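These notes are about the structure you will find just below.
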Amino acid sequence: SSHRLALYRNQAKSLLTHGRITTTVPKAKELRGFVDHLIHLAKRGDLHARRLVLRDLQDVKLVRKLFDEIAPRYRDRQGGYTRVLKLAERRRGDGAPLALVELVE
Amino acid sequence: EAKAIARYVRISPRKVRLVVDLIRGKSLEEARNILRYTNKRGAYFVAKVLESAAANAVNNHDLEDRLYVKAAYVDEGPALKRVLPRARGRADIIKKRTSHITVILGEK
Amino acid sequence: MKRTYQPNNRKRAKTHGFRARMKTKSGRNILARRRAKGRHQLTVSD
Amino acid sequence: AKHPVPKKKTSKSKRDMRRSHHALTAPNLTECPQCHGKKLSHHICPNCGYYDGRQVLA
RNA sequence: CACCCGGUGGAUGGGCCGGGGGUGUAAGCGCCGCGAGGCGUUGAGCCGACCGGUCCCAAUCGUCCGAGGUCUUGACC
RNA sequence: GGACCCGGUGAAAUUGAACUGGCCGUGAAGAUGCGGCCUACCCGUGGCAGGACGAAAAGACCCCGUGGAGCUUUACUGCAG
RNA sequence: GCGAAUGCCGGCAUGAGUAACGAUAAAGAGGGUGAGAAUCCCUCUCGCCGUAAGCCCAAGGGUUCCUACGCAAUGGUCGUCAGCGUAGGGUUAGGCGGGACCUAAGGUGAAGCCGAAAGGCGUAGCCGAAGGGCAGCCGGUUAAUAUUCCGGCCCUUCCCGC
RNA sequence: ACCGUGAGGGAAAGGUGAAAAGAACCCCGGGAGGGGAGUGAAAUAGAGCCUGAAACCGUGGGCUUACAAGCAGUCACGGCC
RNA sequence: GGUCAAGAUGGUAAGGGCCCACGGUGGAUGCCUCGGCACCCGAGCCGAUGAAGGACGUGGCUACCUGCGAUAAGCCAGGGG
């Protein structure tokens with residue numbers, strides 16, 4: 001619900017900033033598509049597009065940064081602008097097989 | 001052949017138990033990746049008690065590698081008699097069953 | 001919840017305190033009781 | 001409120017027998033990509049960074 | 001858990017892409033009225049699993065275990 | 001949101017003991033353990049309550065001890081006033 | 001001279017690696033330290049308060065407060081974090097509060113009054129409080145204090161002299 | 001110590017050795033704790049460290065275990081050791 | 001030498017039951033003592049020249065135990081050494 005989002009939110013956020021973070025299996029598996037999806041919008045690129053992407057992310061700097069910045073570095077492909085890579089270790093007490101994901105580059 | 005150990009070891013004797021019951025009687029180096037990349041706690045520990053083990057030998061018990069663990073075991077003892085919620089009246093304590101940890105390291 | 005413990009310096013003290021016990025027959029009694037008898041300290045001492 | 005509780009000393013025997021079906025199974029691990037060593041079947045590591053791309057450190 | 005299909009000589013996930021379904025014509029500029037709003041562009045926009053394309057992405061590489069063919073009698077080649 | 005799978009921790013009353021199946025019969029008269037029989041591989045985890053006369057508590061309902069404790073009146077006696 | 005008293009005391013197994021993490025106000029990411037960090041430090045998104053999950057005066061508890069070291073156990077997991085360990089250090093007032101003033105309840109209580117003894121009562125006087133009364137305030141200043149320490153501004157009572 | 005506001009209750013817990021000579025140094029390790037050396041008559045006498053039994057948890061070995069009932073078991077006959 | 005058809009025995013144990021060896025956990029135990037218990041002979045008052053009993057207190061460097069207490073591990077005088 002409000003949480004599913006939130007996530008996708010900040011994760012989508014942080015990420016674009018670095019372009020490959022460290023969350024567990026799933027977490028990543030999703031932040032992908034979405035974030036992913038988002039991308040495809042930076043690609044659309046315009047009034048609208050932006051008015052969305054931001055709509056969620058909320059933040060000029062980026063929002064723009066990507067739409068212009070990265071977007072391009074991608075204008076060509078077909079989704080997938082992300083390469084979700086699992087990881088070797090696992091957060092303690094837990095034992096969760098975290099994992100890392102980036103913007104396929 | 002030589003051996004590693006250590007009592008006053010805080011931990012689930014049991015749990016521990018699985019630990020070896022694996023890497024158990026097997027090539028040094030070998031399991032040395034079992035516990036390196038296995039899971040559940042103890043490992044860490046378990047590992048440890050393999051290094052001062054492999055060590056002790058070569059060092060003062062002597063032929064490297066060709067070694068392994070002819071045998072490995074763990075015992076419980078000393079408890080940790082632990083107090084909990086008074087039956088909301090009378091005490092109910094558990095016990096972090098201390099934990100011993102011996103383990104062989106003889107040469108092929 | 002209001003147990004029955006809320007101590008009250010003023011209170012508890014007063015109420016109980018070297019003196020009093022003293023002042024009293026009884027009090028006095030046991031007191032010098034306790035004293036020898038047991039050792040220890042005493043109320044107010046508390 | 002202990003409606004139901006055991007009724008007869010569980011029997012070590014059995015007891016354990018129970019605790020019997022249990023057991024571990026060493027990590028299926030493989031061996032380095034070029035990292036040379038044993039890794040978590042499918043991953044880089046404090047030995048790798050590779051896979052195909054240098055996405056790590058050391 | 002066991003059970004089914006796939007493991008880049010792949011269409012298995014996602015992604016994208018068409019397709020459907022669903023919401024009722026968007027963000028903007030435009031033109032009418034002091035304003036509120038309306039009318040247009042514009043059945044727009046936006047689309048969660050539904051039908052199906054395309055190797056953008058991610059199923060790399062690797063291990064382990066596994067047979068041999070038990071004793072007697074006879075029936076045929 | 002627990003419950004389930006992971007990792008970390010890790011109790012608790014009751015319990016002689018136990019590898020504890022159904023039957024129809026039985027015995028102190030409502031039996032997994034005795035007889036005859038029929039089904040019957042060894043272990044487990046997610047469950048569902050029936051039987052183990054399940055747990056809780058040496059029945060409060062009962063009677064029995066020329067037990068006890070409280071109130072009652074034209075019970076016995078005695079004191080206070 | 002002991003199974004054996006739902007016996008007493010001590011240990012030790014049960015159920016059981018299932019039941020619980022003490023409010024369904026959620027988090028997640030980047031860097032940093034460390035032998036080792038979901039659980040520490042900085043930082044950036046995000047959620048919950050907001051009549052509180054605010055600061056304040058009390059009463060109660062008394063070093064729990066800060067600072068440098070450290071994690072064996074207590075922290076219902078970790079833990080380099082602590083309101084945990086050791087060591088050092090911290091809170092100053094003519095004017096704030098208590099007394100150096102006042103009494104009601106009440107308590108004491110020379111005299112007085114009655115008890116088998118211990119005791120009972122009890123005048124005046126005394127004890128007795130965020131009730132009465134009383135002479136200040138704003139800024140600064142350390143790891144902690146502050147109407148007390150700084151300083152600027154405002155006072156009171158007693159004493160000696162004239 | 002500890003529960004009790006109080007009057008009051010009211011525990012547990014002694015033992016190395018001849019004496020410390022109480023373990024310098026080197027090793028794995030964040031440490032505790034474990035491997036050697038040295039004291040030594042012995043340290044499986046080693047720091048809550050004399051004797052240190054049982055219950056109860058382990059590590060290996062012999063035998064034994066998947067058409068099978070009883071805590072028990074004990075009598076017969078058989079194979080492995 | 002191959003094929004079919006039948007007929008009977010065996011190995012393989014996830015844990016498990018018994019026997020043996022080696023730990024661990026736990027402290028019984030014997031033996032021991034700076035402590036009691038018990039009975040008998042000794043002895044029998046302390047107090048304002050503020051007692052018995054506490055409070056806070058000095059050791060150079062500190063909680064406790066102690067002996068004193070401000071002239072605080074003690075200050076004088078005589079006997080023993």
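By order in the structure tokens, chains are A, B, ...; within a chain, residues start at 1; ligands start at 1, following the order shown.
Here the DSSP assignment of helix (DSSP H, G or I), based on backbone atoms, applies within chain D to residues 13, 14, 15, 16, 17 and 18 of chain D.
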### Task
Considering only C-alpha atoms (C1' of nucleotides), extract the chain C residues located within 12 Å of chain I and return them as a PyMOL selection string.
chain C and resi 18+31-42+45
Can you write out the residues you just picked, keeping N, CA and C atoms, as a PDB file, in the first residue's frame?
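Resulting contents of result_1.pdb:
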ATOM      1  N   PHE C  18      13.003   6.790  64.227  1.00  0.00           N
ATOM      2  CA  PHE C  18      13.648   6.638  65.519  1.00  0.00           C
ATOM      3  C   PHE C  18      12.676   7.076  66.582  1.00  0.00           C
ATOM      4  N   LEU C  31      11.788  -2.645  69.276  1.00  0.00           N
ATOM      5  CA  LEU C  31      12.979  -1.923  68.864  1.00  0.00           C
ATOM      6  C   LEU C  31      14.209  -2.516  69.546  1.00  0.00           C
ATOM      7  N   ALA C  32      14.489  -2.080  70.774  1.00  0.00           N
ATOM      8  CA  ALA C  32      15.575  -2.671  71.559  1.00  0.00           C
ATOM      9  C   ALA C  32      15.499  -4.187  71.433  1.00  0.00           C
ATOM     10  N   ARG C  33      14.314  -4.665  71.078  1.00  0.00           N
ATOM     11  CA  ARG C  33      14.160  -6.019  70.600  1.00  0.00           C
ATOM     12  C   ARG C  33      15.161  -6.157  69.475  1.00  0.00           C
ATOM     13  N   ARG C  34      14.642  -6.074  68.258  1.00  0.00           N
ATOM     14  CA  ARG C  34      15.470  -5.953  67.082  1.00  0.00           C
ATOM     15  C   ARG C  34      16.911  -5.695  67.487  1.00  0.00           C
ATOM     16  N   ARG C  35      17.173  -4.493  67.986  1.00  0.00           N
ATOM     17  CA  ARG C  35      18.517  -4.134  68.398  1.00  0.00           C
ATOM     18  C   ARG C  35      19.315  -5.414  68.565  1.00  0.00           C
ATOM     19  N   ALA C  36      19.720  -5.689  69.800  1.00  0.00           N
ATOM     20  CA  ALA C  36      20.365  -6.952  70.108  1.00  0.00           C
ATOM     21  C   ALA C  36      19.695  -8.005  69.252  1.00  0.00           C
ATOM     22  N   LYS C  37      18.841  -8.803  69.884  1.00  0.00           N
ATOM     23  CA  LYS C  37      18.049  -9.747  69.137  1.00  0.00           C
ATOM     24  C   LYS C  37      18.703  -9.987  67.786  1.00  0.00           C
ATOM     25  N   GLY C  38      18.691  -8.959  66.941  1.00  0.00           N
ATOM     26  CA  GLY C  38      19.069  -9.132  65.548  1.00  0.00           C
ATOM     27  C   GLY C  38      20.330  -8.438  65.077  1.00  0.00           C
ATOM     28  N   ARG C  39      20.510  -7.173  65.447  1.00  0.00           N
ATOM     29  CA  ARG C  39      21.607  -6.402  64.879  1.00  0.00           C
ATOM     30  C   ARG C  39      21.047  -5.310  63.983  1.00  0.00           C
ATOM     31  N   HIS C  40      21.426  -5.386  62.709  1.00  0.00           N
ATOM     32  CA  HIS C  40      20.784  -4.643  61.632  1.00  0.00           C
ATOM     33  C   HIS C  40      20.878  -3.128  61.774  1.00  0.00           C
ATOM     34  N   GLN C  41      19.795  -2.449  61.415  1.00  0.00           N
ATOM     35  CA  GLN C  41      19.720  -1.002  61.518  1.00  0.00           C
ATOM     36  C   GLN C  41      18.405  -0.603  62.156  1.00  0.00           C
ATOM     37  N   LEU C  42      17.425  -0.285  61.314  1.00  0.00           N
ATOM     38  CA  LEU C  42      16.098   0.078  61.785  1.00  0.00           C
ATOM     39  C   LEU C  42      15.339   0.892  60.759  1.00  0.00           C
ATOM     40  N   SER C  45      16.214   4.758  59.979  1.00  0.00           N
ATOM     41  CA  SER C  45      17.482   4.378  59.377  1.00  0.00           C
ATOM     42  C   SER C  45      17.197   4.096  57.906  1.00  0.00           C
TER      43      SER C  45
END
Notebook entry, point to check: Given a cut-off of 12 Å, which residues of chain G touch chain C, counting only C-alpha atoms (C1' of nucleotides), written out as a ChimeraX atom specification?
Noted result: /G:59-61,107-108,118-119,128-129
Self-check item: Residues of chain A within 9 Å of chain F, only C-alpha atoms (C1' of nucleotides) counted, as a PyMOL selection string
Solution: chain A and resi 92-96
Determine, using only C-alpha atoms, which residues of chain A have any atom at most 9 Å from an atom of chain D, and tabulate each with its shortest atom pair and distance in Å to one decimal place, rows ordered by chain and then rising number, as a Markdown table.
| residue | atom | partner | partner_atom | distance |
| --- | --- | --- | --- | --- |
| A:85 | CA | D:43 | CA | 8.8 |
| A:86 | CA | D:43 | CA | 7.4 |
| A:87 | CA | D:43 | CA | 6.2 |
| A:88 | CA | D:43 | CA | 5.4 |
| A:89 | CA | D:40 | CA | 8.3 |
Taking N, CA and C atoms for each residue, export the selection above as a PDB file, in the first residue's frame.
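What follows is the written file result20.pdb:
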ATOM      1  N   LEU A  85      21.241  -7.477 -10.187  1.00  0.00           N
ATOM      2  CA  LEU A  85      22.228  -8.495  -9.881  1.00  0.00           C
ATOM      3  C   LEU A  85      22.091  -8.933  -8.436  1.00  0.00           C
ATOM      4  N   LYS A  86      21.927 -10.233  -8.221  1.00  0.00           N
ATOM      5  CA  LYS A  86      21.861 -10.758  -6.865  1.00  0.00           C
ATOM      6  C   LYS A  86      23.239 -10.609  -6.206  1.00  0.00           C
ATOM      7  N   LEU A  87      23.337 -10.871  -4.901  1.00  0.00           N
ATOM      8  CA  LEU A  87      24.614 -10.733  -4.182  1.00  0.00           C
ATOM      9  C   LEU A  87      25.106 -12.002  -3.485  1.00  0.00           C
ATOM     10  N   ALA A  88      26.364 -11.983  -3.063  1.00  0.00           N
ATOM     11  CA  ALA A  88      26.985 -13.169  -2.497  1.00  0.00           C
ATOM     12  C   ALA A  88      26.654 -13.385  -1.023  1.00  0.00           C
ATOM     13  N   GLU A  89      26.522 -12.296  -0.269  1.00  0.00           N
ATOM     14  CA  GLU A  89      26.380 -12.394   1.188  1.00  0.00           C
ATOM     15  C   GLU A  89      24.938 -12.244   1.695  1.00  0.00           C
TER      16      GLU A  89
END
